[PDB]
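*Asks:* Based on what follows, work out the 3D shape:
(2 chains)
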Amino acid sequence: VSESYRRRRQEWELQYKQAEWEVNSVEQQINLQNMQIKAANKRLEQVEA
Amino acid sequence: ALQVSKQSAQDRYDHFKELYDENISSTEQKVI
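*Replies:* Numbers count the residues shown, from 1 in each chain, chains lettered A, B, ... in the order given. And now the structure:
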């Protein structure tokens, strides 16, 4: 029975590592849209000018 | 940002290779 502890442990441990890389990943949307919005705001220059 | 995709997939490759492959010893075999 002593191995069952390790077995149950490792799936949770690896899923936590999964969450780590997932949160690393999602930053892409933050910077992508920051750029998007600032550029689109500037694009009004062409219209108003 | 997508360098995180290689981070995740590389870690998965590593994890599962180390997990399944060449498993050995009394650390498991002790009871037999």
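
*Asks:* what's the neighbour count on residue 1?
*Replies:* Here I'm looking at chain A. As a burial measure, residue A:1 scores 5 neighbours (other CB atoms under 10 Å in any protein chain shown). Yep, even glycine has a C-beta here, placed from its N, CA and C like the rest.

*Asks:* not quite, I wanted chain B
*Replies:* When neighbours are counted by other CB under 10 Å, residue B:1 comes out with 13.

*Asks:* and what of the one 5 residues further on?
*Replies:* As a burial measure, the neighbour count of residue B:6 was computed by other CB under 10 Å and equals 11.

*Asks:* now residue A:27
*Replies:* Residue A:27 has 11 nearby residues by other CB under 10 Å.

*Asks:* and the residue nearest to it when sequence neighbours are not counted, which of the three is it?
*Replies:* Distances taken as CB to CB, 6 or more residues apart in numbering or on different chains place residue B:1 nearest to residue A:27, at 5.8 Å, with adjacent residues excluded. Following DSSP: H, G, I helix; E, B strand; the rest coil, the label given to residue B:1 is coil.
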